Amino acid sequence: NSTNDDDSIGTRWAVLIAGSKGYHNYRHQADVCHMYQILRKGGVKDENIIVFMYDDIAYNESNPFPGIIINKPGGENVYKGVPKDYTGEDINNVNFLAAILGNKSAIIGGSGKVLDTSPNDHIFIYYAXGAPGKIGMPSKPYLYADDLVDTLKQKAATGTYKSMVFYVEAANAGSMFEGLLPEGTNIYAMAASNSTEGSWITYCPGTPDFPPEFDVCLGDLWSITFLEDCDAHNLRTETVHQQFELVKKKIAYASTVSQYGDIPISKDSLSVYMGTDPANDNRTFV
Ligand SMILES: *[C@@H]1O[C@H](CO)[C@@H](O[C@@H]2O[C@H](CO)[C@@H](O[C@H]3O[C@H](CO[C@H]4O[C@H](CO)[C@@H](O)[C@H](O)[C@@H]4O)[C@@H](O)[C@H](O[C@H]4O[C@H](CO)[C@@H](O)[C@H](O)[C@@H]4O)[C@@H]3O)[C@H](O)[C@H]2NC(C)=O)[C@H](O)[C@H]1NC(C)=O
Ligand SMILES: *[C@@H]1O[C@H](CO)[C@@H](O[C@@H]2O[C@H](CO)[C@@H](O[C@H]3O[C@H](CO)[C@@H](O)[C@H](O)[C@@H]3O)[C@H](O)[C@H]2NC(C)=O)[C@H](O)[C@H]1NC(C)=O
Ligand SMILES: *[C@@H]1O[C@H](CO)[C@@H](O[C@@H]2O[C@H](CO)[C@@H](O[C@H]3O[C@H](CO)[C@@H](O)[C@H](O)[C@@H]3O)[C@H](O)[C@H]2NC(C)=O)[C@H](O)[C@H]1NC(C)=O
Ligand SMILES: *[C@@H]1O[C@H](CO)[C@@H](O[C@@H]2O[C@H](CO)[C@@H](O[C@H]3O[C@H](CO)[C@@H](O)[C@H](O)[C@@H]3O)[C@H](O)[C@H]2NC(C)=O)[C@H](O)[C@H]1NC(C)=O
Ligand SMILES: *[C@@H]1O[C@H](CO)[C@@H](O[C@@H]2O[C@H](CO)[C@@H](O)[C@H](O)[C@H]2NC(C)=O)[C@H](O)[C@H]1NC(C)=O
């Protein structure tokens with residue numbers, strides 16, 4: 001009965017979630033904070049960015065730089081300005097699925113910020129921290145693939161978006177979408193690993209160039225590969241497909257970057273979802 005038209009050009013929205021907790025899982029919250037920095041430098045408003053992060057890293061007693069979170073040795077503080085929509089045990093299936101669906105009544109804790117999107121809007125979902133057919137939540141119950149796909153199908157039915165890009169960093173990340181995500185939903189998915197592979201961590205203690213102050217890994221290989229790609233050039237000149245082929249080639253030695261769902265959605269430039277940093281205009285992707 002509802003209308004599929006609106007007088008809006010289209011707003012960029014994002015959901016960023018680190019599914020883990022504990023100081024040793026520093027990498028997942030750093031990844032999600034680095035993605036937030038990419039979005040706000042691209043003009044995505046805080047009001048449209050839903051952040052799920054346990055928030056036990058920046059001021060952890062073990063953190064050598066309190067108030068700071070970095071996602072690469074010698075990198076910049078990515079914790080600065082990150083909204084705190086769902087922190088602690090408010091990062092769960094109930095709140096995560098209600099946020100994607102956009103049901104404020106289903107939210108049991110947290111900010112209550114959900115994807116109250118409209119037909120011309122674009123959604124970018126990024127999850128960091130997996131097993132065959134499931135991805136973690138800081139505490140049990142975990143997020144099972146069938147539940148995530150039921151929510152994405154309910155969201156597709158509403159027609160409250162033009163297109164959605166879902167990036168998953170986890171082991172067996174592909175298993176969340178393989179043979180489940182129907183085409184026609186306008187949802188493109190990119191995963192660090194296929195349904196049967198584990199995913200690599202990077203920026204870990206061990207190499208002689210690692211900072212002595214840190215005892216934890218700063219990032220996840222696929223995440224830092226695509227995040228460092230987004231910071232380097234004008235995202236209006238690089239498509240999601242061009243990023244997929246770049247990261248897939250760049251980390252082929254570790255895992256197989258896989259794509260699922262509505263593949264033609266990947267024809268859009270990354271700026272459709274992330275905007276672009278006005279300081280990177282004179283740097284085109286070649
Ligand atoms: C998609 O959704 C639309 C919105 O919900 C649907 O519109 C609705 O259509 C139905 C008929 O299919 C209308 O039903 C009743 O309409 C009047 C009431 O109108 C007034 O009150 C409404 C609130 O109750 C307001 O919303 C209206 O603006 C208006 O002020 C009743 O008098 C009717 O009663 C008659 O019919 C019944 C049997 O059906 C008899 O038993 C009664 O005795 C009487 O003869 C209807 O019950 C409804 O008003 C309408 N809503 C609007 C706002 O337009 C639309 O139908 C739907 N499309 C499809 C395909 O399902
Ligand atoms: C800094 O990181 C620490 C390590 O990840 C983290 O320690 C963890 O703290 C939680 C909360 O106290 C402990 O979990 C406990 O949760 C409830 C608390 O009442 C208990 O019922 C449980 O039995 C459980 O023990 C973890 O055990 C603890 N982990 C470790 C390794 O010590 C700190 O909390 C983090 N600090 C900040 C500022 O967030
Ligand atoms: C948004 O989240 C809402 C809360 O989780 C949810 O509302 C709940 O909807 C169910 C039905 O789907 C209702 O459950 C039962 O309620 C009636 C009355 O008691 C019973 O007769 C039925 O058996 C029914 O199953 C809940 O009562 C209802 N809760 C509230 C507070 O309204 C919405 O459905 C969710 N919306 C969407 C679009 O997903
Ligand atoms: C996920 O990526 C895996 C690569 O990391 C991939 O594994 C590879 O799968 C092929 C089969 O498709 C294996 O080859 C098989 O067949 C040859 C003969 O043609 C035999 O000699 C082999 O022993 C084997 O049975 C590759 O060996 C295998 N490589 C590894 C390292 O596992 C998975 O198939 C991918 N999974 C999904 C769900 O796509
Ligand atoms: C792309 O790079 C810079 C980006 O600024 C541009 O070059 C100079 O930019 C400063 C201001 O930032 C101006 O003062 C200069 O006059 C700019 N030069 C020119 C020729 O525009 C420029 O837009 C691009 N550079 C090149 C070499 O094309």
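One-based numbering, in listed order, for ligands and for the atoms of each. Index from 1, following the sequence. When reading the values below, keep in mind they use all heavy atoms of this one structure, side chains included, and skip hydrogens, waters and symmetry mates.
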Inset, instruction - Could you name the protein residues that come within less than 4.0 Å of ligand 5, counting only heavy atoms, and order them by chain and residue number? - result: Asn282
Inset, instruction - Please determine if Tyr23 has a nitrogen or oxygen closer than 3.5 Å to a nitrogen or oxygen of ligand 2. - result: yes
Legend entry - Contacting atoms of ligand 2, where contact means under 4.0 angstrom from a heavy atom of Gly22: 5 (O)
Legend entry - Heteroatom proximity flag, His24 to ligand 2, N/O under 3.5 Å: no
Legend entry - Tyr36 with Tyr167, same ILVMFWY side-chain cluster at under 4.5 Å: yes
Please tabulate, one line per pair, the protein N or O atoms found under 3.5 Å from any N or O atom of ligand 4, giving the distance to one decimal.
unit_1	atom_1	unit_2	atom_2	d
ligand 4	2 (O)	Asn194	ND2	2.3
ligand 4	2 (O)	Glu197	OE2	3.0
ligand 4	5 (O)	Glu197	OE2	2.6
ligand 4	36 (N)	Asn194	ND2	2.9
ligand 4	36 (N)	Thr196	OG1	3.2
ligand 4	39 (O)	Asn194	ND2	3.4

Legend entry - Path from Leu16 to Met176 over hydrophobic side-chain contacts below 4.5 Å: no
Inset, instruction - Tell me, yes or no, whether the heavy-atom count around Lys267 atom NZ, taken from other residues, nucleotides or ligands under 6.0 Å, exceeds 12. - result: yes
Inset, instruction - Linking directly or through intermediates, with side-chain heavy atoms under 4.5 Å: list the remaining ILVMFWY members grouped with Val94, chain and number order. - result: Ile108
Inset, instruction - Could you verify whether a donor N or O on one side chain and an acceptor N or O on the other, from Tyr188 and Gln259, lie under 3.5 Å apart? - result: yes
Inset, instruction - Within a distance under 4.0 Å of any heavy atom of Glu61, pick out the atoms of ligand 2 and give their elements. - result: 1 (C), 35 (C), 36 (N), 37 (C), 38 (C)
Inset, instruction - For the pair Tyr26 and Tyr23, name the ring-plane relationship: parallel under 30°, tilted 30 to 60°, perpendicular over 60°. - result: perpendicular
Inset, instruction - State whether a side-chain donor-acceptor pair under 3.5 Å links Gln29 with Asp56. - result: yes
Inset, instruction - Determine whether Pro119 and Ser8 make a side-chain contact, defined as any pair of heavy atoms from C-beta on separated by less than 4.5 Å. - result: no
Legend entry - Under 4.0 Å to a heavy atom of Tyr59 - the qualifying atoms of ligand 2, by number: 38 (C)
Inset, instruction - Describe, in one word, how the ring planes of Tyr126 and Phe124 are oriented to each other, choosing from parallel (under 30°), tilted (30 to 60°) and perpendicular (over 60°). - result: parallel
Inset, instruction - Assert yes or no for the condition that the ring centre distance of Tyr127 to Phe166 is strictly below 6.0 Å. - result: no
Inset, instruction - For this output row, return yes or no: ring centroids of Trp200 and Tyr253 closer than 6.0 angstrom. - result: yes
Legend entry - Test side-chain contact (heavy atoms from CB on, under 4.5 Å) applied to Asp229 - qualifying residues, sequence neighbours left out: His233, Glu238, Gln243, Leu246, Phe285
Inset, instruction - Please determine if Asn60 has a nitrogen or oxygen closer than 3.5 Å to a nitrogen or oxygen of ligand 2. - result: yes
